[PDB]
Structure formats: structure tokens, C-alpha cells
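Next up: a single chain in C-alpha cells, the form solved without this ligand.
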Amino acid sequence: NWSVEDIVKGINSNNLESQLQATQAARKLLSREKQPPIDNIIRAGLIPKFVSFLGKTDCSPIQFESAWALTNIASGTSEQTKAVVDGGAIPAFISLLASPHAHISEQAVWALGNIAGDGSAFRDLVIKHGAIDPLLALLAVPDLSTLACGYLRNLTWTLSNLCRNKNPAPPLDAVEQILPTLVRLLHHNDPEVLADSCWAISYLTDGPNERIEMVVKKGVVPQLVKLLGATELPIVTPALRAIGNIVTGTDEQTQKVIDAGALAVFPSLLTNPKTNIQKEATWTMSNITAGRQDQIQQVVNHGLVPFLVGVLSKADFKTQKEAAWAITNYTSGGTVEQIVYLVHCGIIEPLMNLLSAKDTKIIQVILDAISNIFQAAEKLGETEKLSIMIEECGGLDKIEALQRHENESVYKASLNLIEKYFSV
């Protein structure tokens, strides 16, 4: 509607009502779907004026309009977000969290979410300015259901950004301060609150075992497993990420996931029509089969080996690569009986067919698993029985062709295989 030129004229008028009308006009310009003129507004020098309007407690309308305008500037590129921070906006927005007007405090929540979402530095800067205490105070009600639903979703999303990003991860004391509120939100019945809570938990568990432990010790794994079975893709996706993260930790952290019943949802996850769900579920499997023999046994007992055979047989190639890793981890740590069971489920033929892949890493992984299965066969005396199985499905052709392959590890291992199990 208005031109930037006219907005500037109104803002510079030193007439509060004229300034309000011009700030609202800026807000509407910045709120249009078609390429908002953010850089034009910044170049006109308006950010410092918007920031000063955030402090006009006597004129809450101009606080709201300035907050909205600045929110949308901070929603753009890093350099645009930086312009808002450089104008002094962080402490001004934190001051607005205590506004008696819900729509104004909500806009400050939103703006701080955008600023913290830029990256690690601005996230930690929002924290150093003291955003966490007043953010959490807005949620200190006995039942979250009494809060307005849009208000609650905005607070959850902003808290999730305070949990987001690495190098560095969020300060340990900030995480520990936020976590109990996060756990409340993870048990709330709104699907958008649930999704962003799950995302927050997935960020917190994307790191070293000490960070996983701080989440797992709050008892959220059962709720994560429940959400793993949700019908809403926007909930299953972060729930699976968080579960996947947790099983990259210690065998005891992985056991909590198994204890909570996660493996029973993997028949559905490993056949999920959404390829990134299948991929992440198979990746998660590969870190469970890297565990203890008793954890491999629970994978067996839940009937999941046929599902791994399936994904190896037919899936998106990235998923098939995760399955190859799941099998190599299984054969690396499993008992002889567990490895025998894997052959009886049909692993050999799909394993052999993937030796035709161009990818050099997957060849080594598959060759490594064939090795581990042969070592199981040696312990039993059936090395030749296995060599005919690999022969019958056209496998021997592939290991044979592979000793003349560019890779050192591929040529060495494939030749070692030919020499030890396919000779006179």
C-alpha cells in the first residue's frame, strides 16, 4: 500500500499517531506474501525507530505494530536478522514478554524465536540477555490447556529454537532450565505443540551421550515411543529422529528405548510409504544391531529380521545402504545362532544383488558382512555350504569381479574372500 518513502516521512514526523499509522503501513508491506521489501525497509534506516517504538508502553498499538514489523524483518536472511539484533532489539523484545497485552507478548515470543533460530551465536545471545526466565514464566500455569492455543504453539516453537543448533550446542544450564517445561509440552494434546516439542527433544539428543542422558533421565522415552506411533507424519518424523539419536548413545540408553516398546512399531516404520521415515527407521535399526547380543535377540524376537531383509531387497538406495550397515553390525556382534537365523531369513540373495552398486562404501560394508557370516560358518563347519549359496545366486561372479576394483579395501577383502572360501 504505502511507499517506503511515505513510511519514512510518517516515522520521522515526531507525531506519535502519525508514527503509529506509518508503522502499521510498514507492517502490512512486510506481511504481504509476494517478496516483502525487507532490504528497502532496512536501507531506509527504519529498524532503530521500530526498536524505540517497542518501548512505548503508553501506546501499546505501536509496540505491537513495531514488534510485528521487526518479527518479519528477522524472518529473512542472516544479514536481515543481524540488522534487527544490531538495532538493539533483543533486550527490548525480552522486556515485552511481560506486557499485559497477550498479543504483544506473543509477538515478542515470535520475534525472539526468529532471532534465536538464526544460529548458535544469536541463540546464545538471546540466552545471555535473559530470555529463558520470562519465557518459562508464561507457561507456569497448572494446566497448559488454559492457555490460548496459538499462544502456546508460538512459545513451544520459540523454545525449540533455543534448543536448536550445534557448534556449540546450547549451554548445559539453559537446557536443564528448559527441560521440565519441554517435558510438559511433549505431553500436551495439540498436534502442533507435540511436533515442535519432539523437534526440540531431537535437537537436545543430537549430541554426546551426556546430552542424551540429560533428556533420558527426565523419563521422556515412553512418550517418545507413543508419539512414534502417531498417525500424523509431522509428529512421527521428529519422534523417530529423537529415538534414532538416543540409540547412538550407550547400550543402556538404547535399552530404555527397547524397554519402552519401540521395536513393536518398526514393522510399520520399516515399510512406511514415506522414504525418509524408512531411511531413518533403518538407520535407527543399524544402531540397535550395533548393541549387545541380548539387544540383537530382541530385534530377532520382535520379528524384525525379515523386515531388514525386505528393505535390503527393495527400498530407496539410501535406505538400502542403511540396511547393509544394519546387517554388518548384526553379523559383527551377533552369536553364531543369530547369524544362522539371519541366513535362514534370506539375507544372502539381496546382499549379493547389492554388490552391483556403484557406491564404494556399500560394497565394503557388504563384503565385511559376508566375512562375518563366513566366520560364523567356520565355527560351525558349513563354510562350503555357504559358498554354494553365494554361488547359486550369482554372488561368486561379483566378489570375483571386485578384486580388480579401484578401491584398496575392496580389492583386498574380495580377494581374501575368494582365496579362503572359493578355492581347491
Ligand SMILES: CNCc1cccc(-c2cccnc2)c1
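Numbering starts at 1 and follows the sequence shown.
Absent from the display: the form deposited with this ligand bound. The rest refers to it.
- Between 341 to 349, 325 to 333, 262 to 270, 92 to 100, the stretch whose residues reach within 4.5 angstroms of this ligand in the deposited complex through a non-hydrogen atom is 325 to 333.
- Comment: this ligand is not present in this chain, but in the deposited complex one of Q320, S286, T181, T237 has a heavy atom within 4.5 Å of it, namely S286.
- Only one of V175, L138, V193, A290 lies close to this ligand in the deposited complex, with a heavy atom inside 4.5 Å, and it is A290.
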